[PDB]
Amino acid sequence: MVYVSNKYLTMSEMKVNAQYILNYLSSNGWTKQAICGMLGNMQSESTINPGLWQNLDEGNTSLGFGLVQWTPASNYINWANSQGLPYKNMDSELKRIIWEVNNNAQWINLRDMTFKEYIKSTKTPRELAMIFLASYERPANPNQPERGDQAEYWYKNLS
């Protein structure tokens with residue numbers, strides 16, 4: 001059970017999605033700290049909603065889409081089609097993230113941490129949230145300390 005929609009999720013809805021993500025990425029070698037660092041970013045990006053378009057502008061493929069707001073959406077969407085995967089889908093997006101780790105895509109090492117180091121890291125979810133913000137997400141506004149608060153909130157409240 002996951003929520004997939006073009007709608008901002010409530011804290012209760014997010015917790016359902018966040019536990020799912022934690023389970024899935026644990027099976028693929030990520031630390032709970034690394035996952036929670038990423039979840040803190042996903043909350044700001046999309047309220048951890050794989051169905052969410054930037055500004056809720058459904059179908060605008062020039063802008064952000066999905067858990068981490070892949071931008072332009074079309075690059076992710078093109079990737080899913082080439083893989084035979086449905087784009088609007090939790091597992092498809094989690095597969096994209098694994099593919100990015102494996103092929104050194106998206107990540108730019110601005111904090112002396114590679115993506116492969118990141119997923120194995122036991123630094124705090126706050127520190128990891130900030131590294132992931134700077135290295136992976138790189139939004140127009142870099143000042144989003146809330147992302148570290150949120151990472152810690154998920155680390156405490158998920159299993």
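Numbers for residues simply follow the sequence, beginning at 1.
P50 has its side chain within reach of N17: a pair of non-hydrogen atoms, C-beta onward, lies under 4.5 Å apart. By the 4.5 Å heavy-atom criterion applied to side chains, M38 and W30 are counted as neighbours. Using a 4.5 Å heavy-atom cutoff, the side chains of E13 and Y8 are not in contact. In this structure, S26 and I35 have side chains that are in contact, with non-hydrogen atoms separated by less than 4.5 Å. Considering only heavy atoms from C-beta on, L39 comes within 4.5 Å of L158 through its side chain. Under the 4.5 Å side-chain criterion, counting only non-hydrogen atoms from C-beta, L25 is in contact with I21. In this structure the side chain of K32 reaches within 4.5 angstrom of the side chain of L22, judged on heavy atoms.
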task = Take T124 and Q33 through the test side chain to side chain donor-acceptor pair (under 3.5 Å) and record every step on the way to the result.
result = CA-CA 6 Å; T124 74; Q33 299 93 333; over 6 Å; no
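Side chain of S46 to main chain of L67: a donor-acceptor pair is present (N/O by atom type, distance under 3.5 Å, no hydrogens or angles). When atom types are taken as modelled, the side chain of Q43 and the backbone of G40 share no donor-acceptor pair closer than 3.5 angstrom. Although no hydrogens or angles enter the test, the distance criterion places no donor-acceptor pair under 3.5 Å between the side chain of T71 and the main chain of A73. Remark: the backbone N or O of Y76 is not paired with any side-chain donor or acceptor of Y87 at under 3.5 angstrom. Under a 3.5 Å cut-off, the side chain of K95 and the backbone N or O of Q83 do not form any donor-acceptor pair. Not a single donor-acceptor pair under 3.5 Å links the side chain of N49 to the backbone N or O of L9. Remark: side-chain polar atoms of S44 are not paired, donor with acceptor, to backbone N or O of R147 under 3.5 angstrom. At least one donor-acceptor pair under 3.5 Å links the side chain of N41 to the backbone N or O of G37.
Of all heavy-atom pairs between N28 and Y24, the closest is ND2-O, 3.1 Å. When every heavy atom of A151 is checked against every heavy atom of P125, the shortest pair comes out as CB-O, 3.3 Å. Closest non-hydrogen pair, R138 versus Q106, comes out as NH1-O, 2.8 Å. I48 approaches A18 most closely through the heavy-atom pair CD1-CB, 3.9 Å. Residues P139 and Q144 share a closest heavy-atom pair of CG-NE2, 3.4 Å. Between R111 and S135, the closest heavy-atom pair is CG-OG, 4.2 Å.
Annotation: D112, atom CG; neighbour count of heavy atoms from other residues, nucleotides and ligands within 6.0 Å does not exceed 12.
Judged by distance alone, the side chains of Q19 and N23 do bring a donor and an acceptor atom under 3.5 Å apart. Counting only N and O atoms by type, the side chains of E45 and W70 include no donor and acceptor under 3.5 Å apart.
Follow the hydrophobic side-chain contacts under 4.5 Å out from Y155 and you never reach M42; the two are in separate clusters. Linking ILVMFWY side-chain heavy atoms closer than 4.5 Å, directly or via other members, places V68 and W107 in a single hydrophobic cluster. Both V16 and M90 belong to a common hydrophobic cluster when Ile, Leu, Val, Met, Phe, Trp and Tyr are linked at side-chain heavy-atom distances under 4.5 angstrom. Note: the hydrophobic cluster containing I77 also contains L85 (ILVMFWY, side chain heavy atoms under 4.5 Å, direct or indirect links). Using a 4.5 Å cut-off between side-chain heavy atoms of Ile, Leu, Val, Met, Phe, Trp and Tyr, with links allowed through other members, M130 and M113 fall into different hydrophobic clusters.
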Pair up each side-chain donor or acceptor in residues 51-64 with any protein partner under 3.5 Å, not counting sequence neighbours, and list the distances.
from	atom 1	to	atom 2	distance (Å)
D57	OD2	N60	ND2	3.4
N60	OD1	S62	N	3.1
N60	OD1	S62	OG	2.7

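Taking CG of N157 as the start and SG of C36 as the end, the distance is 9.5 Å to the nearest 0.5 Å. Taking CG of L133 as the reference point, atom CG of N143 lies at 9.0 Å (rounded to 0.5 Å).
Applying the ring pair (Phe, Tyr, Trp, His ring centres under 6.0 Å) test to every pair with at least one member in residues 126-154, sequence neighbours left out, gives these pairs: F115-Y136, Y118-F132, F132-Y136.
Between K156 and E152 there is no salt bridge, since no side-chain nitrogen of the basic residue lies less than 4.0 Å from a carboxylate oxygen of the acidic one.
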